[PDB]
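Geometric and topological summary
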Protein chains: 2
Amino acid sequence: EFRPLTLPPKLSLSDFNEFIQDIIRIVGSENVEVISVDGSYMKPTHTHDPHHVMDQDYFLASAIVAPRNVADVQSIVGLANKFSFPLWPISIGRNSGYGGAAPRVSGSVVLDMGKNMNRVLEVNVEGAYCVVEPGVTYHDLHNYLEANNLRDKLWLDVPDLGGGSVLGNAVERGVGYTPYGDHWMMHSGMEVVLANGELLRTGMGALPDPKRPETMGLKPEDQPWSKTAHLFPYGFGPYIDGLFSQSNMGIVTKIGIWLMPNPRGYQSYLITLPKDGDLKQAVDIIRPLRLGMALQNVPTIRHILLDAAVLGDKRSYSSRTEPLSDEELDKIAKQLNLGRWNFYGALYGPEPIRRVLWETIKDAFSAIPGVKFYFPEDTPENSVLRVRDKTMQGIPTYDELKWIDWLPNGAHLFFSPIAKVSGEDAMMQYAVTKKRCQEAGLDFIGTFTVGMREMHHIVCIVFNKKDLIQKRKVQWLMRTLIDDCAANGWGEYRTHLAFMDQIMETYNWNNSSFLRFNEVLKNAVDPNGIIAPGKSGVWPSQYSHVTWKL
Amino acid sequence: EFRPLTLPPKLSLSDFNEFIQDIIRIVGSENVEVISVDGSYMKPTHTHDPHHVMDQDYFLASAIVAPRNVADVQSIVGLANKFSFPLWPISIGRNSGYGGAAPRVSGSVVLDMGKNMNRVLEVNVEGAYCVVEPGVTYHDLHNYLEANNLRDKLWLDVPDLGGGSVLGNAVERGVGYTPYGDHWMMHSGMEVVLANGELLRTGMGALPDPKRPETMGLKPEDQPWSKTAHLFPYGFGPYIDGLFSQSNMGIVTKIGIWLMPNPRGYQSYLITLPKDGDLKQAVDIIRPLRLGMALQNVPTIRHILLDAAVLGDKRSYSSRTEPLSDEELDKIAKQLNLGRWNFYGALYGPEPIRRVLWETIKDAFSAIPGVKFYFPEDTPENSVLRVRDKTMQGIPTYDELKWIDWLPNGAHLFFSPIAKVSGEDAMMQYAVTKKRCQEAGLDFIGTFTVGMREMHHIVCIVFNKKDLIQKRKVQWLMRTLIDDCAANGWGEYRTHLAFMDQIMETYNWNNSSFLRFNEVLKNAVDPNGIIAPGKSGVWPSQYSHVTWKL
Ligand SMILES: *Cc1cc2c(cc1C)nc1c(=O)[nH]c(=O)nc-1n2C[C@H](O)[C@H](O)[C@H](O)COP(=O)(O)OP(=O)(O)OC[C@H]1O[C@@H](n2cnc3c(N)ncnc32)[C@H](O)[C@@H]1O
Ligand SMILES: *Cc1cc2c(cc1C)nc1c(=O)[nH]c(=O)nc-1n2C[C@H](O)[C@H](O)[C@H](O)COP(=O)(O)OP(=O)(O)OC[C@H]1O[C@@H](n2cnc3c(N)ncnc32)[C@H](O)[C@@H]1O
């Protein structure tokens, strides 16, 4: 194909066409598309940000490429080093609220790694791990487990929806809700194609499986792994794995992910907190429970509007066009039999141990006036408890997609600061966050997810993507919040394409020492800067900061 | 001082003298010793390898310099850049079995970080963590906690001995014996001086503490951390932390380490396993109880000679010169009331819970005939269990020094391959290692430490450091085990200075892509190659592989 809307920087139409004809010859026409449509979550777009906060076409591919296998990735890396051509690797491209598939730089090729590199490569019972290509969704892996009857042996750890990529998510350092919620920390042994195009496996992936007749003459990409590659992450030497999470340092083609053995018993629960202000005492309670390990998983603390938005759009609760007031949340709370904040967790292992922990947690929270406790069977058919009862046991679902439609053309954008597990800091962050959403004319929606010594506060900004005036207020809210939170001692853990530079500028301890360091590494491994220029605000030297930063 | 024993490569005598005059000016001559004696554990040497497998003077410092503070480190670095002068940074230098404080390159300035940089900087209760400098030993910190009554709120995690640096050991990715035994995984918020001299803090350490009047004009080194620094490791962007463990990528000045809250219940224990072959079913039994958190910590499986050696030297058990027979090891077993393998664990938390766990473990191991369960109270006063009682609850001891003296001028050398948590794998690693130990005329001594999905297998080579015939046999032993283990798909997790090259050459999947990618990052951040050249087999470009490898 001949003519795209946007060319990559410094690249001619004639060069671009040579590149494309070249790539077609490798991967076939059926695996290439040049852009000369926001799609669905069920069928994600690969061309741009479906939940756009800037103009729809602001972050736009010049084309999409789908390698057939790892060899293609290498060949494609080669040509991009030849032509000086920016690549943007996605696994699945369901990173909505962070930009979806869209490339940080327009004119890039989007590498749809997921379409053909699909395979669940291994599920090892005794080692309680699995090995995975970019294309394996949470649901995909769920179904492989069923086919081979492994459901009674091994559980998954799923984020709030079923379609993201196990690896996609893991390298974004994302989060789920079993004791295996720290997704990044569950990996051992990743294979990566570098900016030079050479293959590398990490940790004990670097210790090769010894030779035997069955595996002779296998291309490296197809060689098995030695027996410890997915068991012991460190390997030997400097431990580089993390240089591949949230980086543009390489293109991940495989990853091993630890899986929880069937725990021996499971019980989910809801605790409902009546007052807006109860968040303070509730978090002080969480602290030692989590830290002392009566809280086995990553339990979340949901604001009322999050459950309500699952349950029906805003028109369903009021024809109001302004944020719902403090007192309507009370009415909605009491309609839905929920509190102002709603705490979800679960209990794992034998009855005798579940009993003890539950009595501890039950006891601890009873200090909060008006508290009420529910198992799944005590709630209506449509409840968030029922849905989450699935989630905290590794079953992929999709019911939580509905909150996206809180407003007539609902898109989400995530503001994701980190809080202490302390009522006081939490209230402050809430206050700082709630205040601004207001000035923006938006309902406040958000969770806190509970890590051991921190909470991921996911403020869920939902907007009508066809509304230009609102879009701008969303750009104002985000940028303002980033600042407010930095001035209060809080950083964000993950974000959107349009906020990456701003966010990094925030991690400026000692004259931006962190980003400088990262650039030195980026330019050495990426001398042509072809991988994902601009991810996390890291720019190769051929990318002027003045031209390229937002 | 004027004339040193060995000079760093490519550097004149005239230059060394101008250099050390510049350092003497900064650190004062009290913090400089030019070398022109082995010591012990309590007074550890800073010049060479106290447990030398090569000639005593093979790895040898040219001087030892003791920075008073972070600013002295920046100047020394600046000067080491001026003169191309290798630095070898240590914290305490108790890396016995791995080369102690010896530099990999003879001629280097051993950088004694711990002499003056000494402070327990922070102990935060609600976050349950500490911030520490290199000079703080495990005993140092223990006494800090006792002296503030903190031992009732927070416990430590300690290796077998208490002399090691909390930070130094963690950057070596070392292991301890509570649920906090994965020392490295417990870090958060590292401060690092780079090869160019510049300070950097990782993770949310890069998110600045907001401005206030109390902290104005503080040197970057002396600034506080933002509230989340030591709560959330990741921060934002590429997670570069691990580039600083087992690496030569920088000089660490400060680290945050997570501390486990008093669990509200503790009980250690021993299980004795009569036969040599009982290892196989033991491991097979441990596997599901590890994955399922009936075993909450890092338990150990000790060879009978490990315990035997703590209680008495070889000369006391047999007069024989060769290795001990099988029957002579059942004799020592029945003598000491231990099995051939001895499993040391510990239960944590409230009694209602400790109880259930224990009944599962007891009942799990009962399928092994002649098994015996002991609490500390059930054993002789000198027993290893009584020592590990303290160990598996964060109390330092020094009792385990006694096994080093299993031979006249006993020295240890660790061979530390990683095994699967499977009897088959473990027996195999045992057989492989026992065979070669015979050939070399050594007794086999070691422990397995049970990580979640891996075991660290510490083959404890003790040898007579004044016997040149045996030191050569130990060299042969080491180099053969490395090769054999490799040929059976196992790699070492850490090693001695003389085996760094070989071991790293072992992880050569896809023609040493791992090393090549490591080399690339090193030359980027260390142009003149001054920080610890040769650490983990990673050499900067101006060190010829031909000249430097062993
Ligand atoms: C809409 C929304 C999103 C959401 C959520 C709830 C709603 C309603 N709940 C989440 C949750 O609880 N936890 C969480 O971590 N995220 C949640 N999200 C966000 C999103 O839906 C998921 O996180 C989703 O899994 C992420 O998208 P996906 O997994 O498909 O990843 P991707 O689109 O391919 O992009 C990942 C980014 O990471 C880097 N990347 C990905 N693959 C590679 C490879 N192959 N090599 C190198 N880098 C890779 C890229 O930077 C890419 O941009
Ligand atoms: C003799 C022995 C040793 C031993 C053991 C039992 C016996 C009887 N059991 C151990 C165990 O249970 N777990 C464990 O991790 N180690 C065990 N050992 C080995 C050793 O004694 C300890 O590991 C000890 O704590 C290590 O030594 P130390 O703590 O003093 O650390 P160091 O010598 O200063 O440094 C070791 C290496 O780390 C790098 N390093 C240290 N500081 C820095 C700084 N700040 N910057 C950059 N790198 C640093 C260096 O590479 C140094 O060589």
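Residues numbered from 1 in each chain as written, not as in the entry; some residues may be left out. Chains lettered and ligands numbered in written order. Heavy atoms only, no water. Residues with missing side-chain atoms left out of burial classes, pairs and counts.

Its PDB header names X-ray crystallography as the technique used to obtain the model and reports a resolution of 2.55 Å.

1. Side note on the overall build of chain A
Condition: Strands are runs of DSSP state E lasting at least two residues, helices are runs of H or I lasting at least four, and both sets are numbered from the N terminus onward. Both definitions apply: the radius of gyration is a C-alpha atom measure, and the globule rule equals 2.2 Å times residues to the power 0.38.
Looking only at helices and strands, chain A features 15 helices and 19 strands. In summary, chain A has a C-alpha radius of gyration of 24 Å against a globular reference of 24 Å for 550 residues, a match within 12%. The principal-axis extent of the C-alpha atoms belonging to chain A is close to 70 × 60 × 45 Å.

2. Quick look at the packing of helix 5 (residues 278-291) of chain B against helix 11 (residues 423-439) of chain B
Residue and element names in this part refer to chain B. Cut-off, in case you're wondering: In this analysis, axes come from line fits to C-alpha atoms, helices being fitted only over the stretch in contact, and the angle between any two N-to-C directions falls in the range 0 to 180 degrees. When describing relative orientation, an angle under 35 degrees is termed roughly parallel and one over 145 degrees roughly antiparallel, while 65 to 115 degrees is termed roughly perpendicular and anything else oblique. We call a crossing left-handed when the near helix sits turned anticlockwise from the far one by less than a right angle, and right-handed when that turn is clockwise. Contact between two residues is taken to exist if any of their heavy atoms lie within 4.5 Å; hydrogens are not considered. In this classification, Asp, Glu, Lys and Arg are treated as charged, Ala, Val, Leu, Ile, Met, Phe, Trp, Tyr, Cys and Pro as nonpolar, and every other residue, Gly included, as polar.
It is the contact of helix 5 with helix 11, at a shortest axis distance of 7 Å, that shows an interaxial angle of 140°. Comparing their axes, helix 11 and helix 5 come out oblique. For the crossing formed where helix 5 meets helix 11, the hand is right-handed. Note on element contacts: helix 11 touches helix 5 through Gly-423, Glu-424, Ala-426, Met-427 and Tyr-430, opposite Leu-279, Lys-280, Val-283 and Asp-284. Residues that form the contact of helix 5 with helix 11 fall into these classes: 5 nonpolar, 1 polar and 3 charged.

3. A look at the site of ligand 1
Residues and elements named next belong to chain A. For clarity, the threshold we go by: The near set for a molecule or strand comprises every residue that places at least one heavy atom within 4 Å of it. Pairs of N or O atoms within 3.5 Å make up the polar contacts considered here, provided that, within protein, one atom can donate a hydrogen while the other can accept it, and that residues adjacent in sequence are counted only when both atoms are side-chain atoms. Throughout, the Shrake-Rupley method with a 1.4 Å probe supplies accessible areas, and for residues the shown protein chains are the sole cover considered.
Neighbouring ligand 1 are 30 residues, the closest being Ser-91, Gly-93, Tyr-177, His-412 and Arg-494. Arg-94 is positioned such that a nitrogen or oxygen atom in its backbone is 2.9 Å from an oxygen atom of ligand 1. Measuring from an oxygen atom of ligand 1, one finds a side-chain N or O atom of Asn-169 at 3.0 Å. Its free accessible area being 970 Å², ligand 1 has 94% of it covered by the protein chains. Sorting the residues of the shell around ligand 1 by element identifies strand 3 (87-90), helix 4 (166-171), strand 10 (251-258) and strand 16 (410-415) as the ones contributing at least two each.

4. What to know about the sheet that holds strand 6 (residues 129-132) of chain B
Sheets are built from strands paired through backbone hydrogen bonds, the pairs being either parallel or antiparallel. Residue and element names in this part refer to chain B. Here is the rule we go by: When DSSP finds two or more bridges between a pair of strands, those strands are recorded as paired.
As summarised here, the arrangement of the 5 strands in space is 5-6-10-8-9, forming an open sheet in which the pairing is antiparallel. Unpaired on one side and paired on the other, strand 5 (120-124) and strand 9 (199-201) mark the two borders of the sheet. Going from strand to strand, the sheet's axes swing by 10° on average, the running direction of each strand aside. Together, strand 8 (187-193), strand 9 and strand 10 (251-258) form the strand contacts of helix 2 (residues 70-83), whose direction differs from that of strand 8 by roughly 50°.

5. Points about the nonpolar core
The nonpolar side chains of soluble globular proteins are, as a tendency, buried together. Rules: Grouping buried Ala, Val, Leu, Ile, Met, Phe, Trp, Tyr and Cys residues that are joined through side-chain atoms within 4.5 Å yields what is termed a nonpolar core. Whether a residue is buried, partly exposed or exposed follows from its accessible area with a 1.4 Å probe, protein chains only, as a fraction of its type maximum: under 20%, in between, or over 50%, in that order.
Counting residues in each nonpolar core, the largest one holds 364 residues, and the members touching the most others are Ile-301 and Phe-365 of chain A together with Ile-301, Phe-365, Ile-461 and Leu-521 of chain B. Aside from chain neighbours lying at most four places away, what touches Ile-461 of chain B is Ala-411, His-412, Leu-413, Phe-415, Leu-442, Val-474, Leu-477 and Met-478 of chain B. In terms of nonpolar packing, the next biggest core, distinct from the first, is built from 8 residues, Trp-155, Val-175, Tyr-177 and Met-392 of chain A among them.

6. Thoughts on the interface of chain A and chain B
Where we set the bar: What counts as buried area is the accessible surface, traced by a 1.4 Å probe, that two parts surrender upon association, with contributions from both included. Salt bridge criterion: a side-chain nitrogen from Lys or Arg within 4 Å of a carboxyl oxygen from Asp or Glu.
In this complex, chain A contributes 90 residues to the contact, which on the side of chain B involves 89 residues. Of the roughly 7900 Å² buried where chain A meets chain B, counting both sides, 68% is carbon and sulfur surface. Interface area lost by chain A to chain B is led by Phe-236, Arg-453 and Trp-509 of chain A, which between them contribute 14%. Scanning the region where chain A abuts chain B turns up 4 salt bridges. Note that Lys-420 of chain A is salt-bridged to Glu-126 of chain B, the shortest N-O span being 3.4 Å. Linking chain A with chain B are 32 residue pairs in polar contact. In terms of residue count, the dominant contributor to the side of chain A that touches chain B is helix 14 (residues 509-525) of chain A (10 residues).

7. A short note on the domain arrangement of chain A
Frequently, the measure chosen for interface size is the accessible area that the parts lose on association. All names here are of chain A. Rules: Domain extents, as shown, originate in an automatic or database domain assignment.
For chain A, the domain assignment lists domain 1 (1-118), domain 2 (119-141 + 155-205 + 225-261), domain 3 (266-496) and domain 4 (497-548). For domain 3 versus domain 4, the distance between C-alpha centres works out to 33 Å. Counting residues at the interface gives 12 residues for domain 3, matched by 8 residues for domain 4. Between domain 3 and domain 4 the total buried area reaches about 950 Å² when both faces are included, carbon and sulfur atoms providing 54% of it. Its largest share of buried area at the contact with domain 4, domain 3 owes to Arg-479, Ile-482 and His-496, together 53% of the area lost on that side.

8. What to know about unusual backbone geometry
Residues and elements named next belong to chain A. You will see that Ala-128, though not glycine, has its phi angle at about 55°, which is positive. Mapped onto the elements, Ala-128 comes out in the loop between strand 5 (120-124) and strand 6 (129-132). At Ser-512, a position not held by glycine, the phi torsion is positive, near 65°. Relative to the helices and strands, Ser-512 resides in helix 14.

9. Brief notes about the packing of aromatic side chains
Note the cut-off: Paired rings are identified among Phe, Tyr and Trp, the last through its six-membered ring, by centres lying within 6.5 Å, and are further divided according to the angle between planes into stacked (under 30 degrees), edge-to-face (over 60) and tilted (the rest). Counted as over-ring charges are cases with an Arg CZ or a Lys NZ within 6 Å of the ring centre that also lie within 35 degrees of the ring normal.
Under the defined criterion, the tally for this structure stands at 52 aromatic pairs over all chains. Cluster of aromatic residues (ring-pair linked, three or more members): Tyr-269, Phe-343, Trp-358, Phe-365, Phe-373 and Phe-375 of chain A. Positioned over the ring face of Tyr-41 of chain B is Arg-94 of chain B, at 5.0 Å from the centre of the ring. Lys-362 of chain B extends its terminal NZ or CZ atom over the ring of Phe-373 of chain B, reaching a point 5.5 Å from the ring centre.

10. Looking at the pairing of strand 19 (residues 455-464) of chain A
All names here are of chain A. Most of strand 19 sits out of view: 10 of its 10 residues are buried. Side-chain alternation along strand 19 places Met-455, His-457, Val-459, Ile-461 and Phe-463 on one buried face and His-456, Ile-458, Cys-460, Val-462 and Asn-464 on a second face that is also buried. Examined bridge by bridge, strand 16 and strand 19 share 6 bridges and lie antiparallel to one another. Residue pairing for strand 19: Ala-411 is matched across the bridge by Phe-463. Bridging between strand 17 (residues 418-419) and strand 19 involves 2 bridges; their strand directions are antiparallel. From the neighbouring strand, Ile-418 faces strand 19, where its bridge partner is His-456. Of the pairings in the sheet, the one linking strand 18 (residues 446-450) to strand 19 comprises 5 bridges and is antiparallel in character. The residue bridging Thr-447 from the neighbouring strand is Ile-458, located in strand 19. Two successive antiparallel strands, strand 18 and strand 19, enclose a turn made up of 4 residues.

11. Quick word on helix 10 (residues 384-391) of chain B
Residues and elements named next belong to chain B. Burial within helix 10 is extensive, with 7 of its 8 residues counted as buried. Here helix 10 has its buried residues at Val-384, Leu-385, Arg-386, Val-387, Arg-388, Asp-389 and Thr-391. Those residues of helix 10 that are buried are in contact with strand 12 (266-273), strand 13 (300-303), helix 6 (304-311), strand 14 (341-348) and strand 15 (372-374).

12. Points about the site of ligand 2
All names here are of chain B. Close to ligand 2 lie 30 residues, the nearest being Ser-91, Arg-94, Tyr-177, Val-252 and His-412. In this structure, an oxygen atom belonging to ligand 2 sits 3.0 Å away from a main-chain N or O atom of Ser-165. Note that a nitrogen atom of ligand 2 is positioned 3.1 Å from one of the backbone N or O atoms of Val-175. Coverage of ligand 2 by the protein amounts to 93% of the 970 Å² it exposes when considered alone. Elements supplying a minimum of two residues to the shell around ligand 2: strand 3 (87-90), helix 4 (166-171), strand 10 and strand 16 (410-415). When grouped by side-chain class, the residues that make up the shell around ligand 2 number 14 nonpolar, 10 polar and 6 charged.

13. Quick word on the UniProt feature "active site" in chain A
Residues and elements named next belong to chain A. Selection rule: UniProt positions are given in the numbering used here, feature names are shortened, and annotations may be inferred rather than shown by experiment.
What UniProt calls "active site" maps, in this numbering, to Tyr-98, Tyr-493 and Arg-494. Considering the C-alpha atoms alone, the annotated residues occupy 397 residues of sequence yet fold into one spot, their largest mutual distance being 11.7 Å. Among the structural elements, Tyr-98 can be located in the loop between strand 3 and strand 4 (109-112). Excluding anything up to four places from it in sequence, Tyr-98 contacts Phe-414, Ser-416, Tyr-493, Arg-494, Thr-495, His-496 and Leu-497.

14. Details of the relation of the copies chain A and chain B
As a reminder, the rule being used: Each copy is laid over the others by a least-squares fit that uses only its C-alpha atoms.
For the pair chain A and chain B, the best superposition has an RMSD of 0.3 Å and corresponds to a rotation of 180° with a translation of 0.0 Å parallel to the axis. Those values place the two copies in the arrangement expected of a two-fold rotation axis. Both copies contact each other with a shared surface, as 99% of the interface residues of chain A are interface residues in chain B too.

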